[PDB]
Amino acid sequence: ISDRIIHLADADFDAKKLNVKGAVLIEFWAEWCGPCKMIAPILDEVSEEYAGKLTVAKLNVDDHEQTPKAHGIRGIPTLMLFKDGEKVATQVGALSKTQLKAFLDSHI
């Protein structure tokens, strides 16, 4: 469990818009998925390192049916970046801290 990570449900979305303020990185994930565990320590560090500039959030695809379908989630982990409620970028699959930081800073 990462201290600063928040966990989303279907209610935190209205259709494809996110009801959470600011810049938000969402991981669509599952407890049983190997690739998702590969990046859990990287998401922990980002949540610490970007605090106050980025919210890191997780959407458990085994717990919430509406939202993965709204966004066409086909594989996990899927990382999806939101800004002021709107989706700006998406990346599928585990990745390095270097690649993830480049992904975030290029869109934030």
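We number the residues from 1 along the sequence you see.
Taking the mean C-alpha B-factor of each stretch as recorded, 16 to 24 and 96 to 104 are not equal, and the higher mean is that of 16 to 24. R74 sits in the middle third of its chain by CA B factor, as recorded in the PDB entry. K37 sits in the middle third of its chain by CA B factor, as recorded in the PDB entry. The deposited CA B-factor of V61 belongs to the lowest third of values across its chain.
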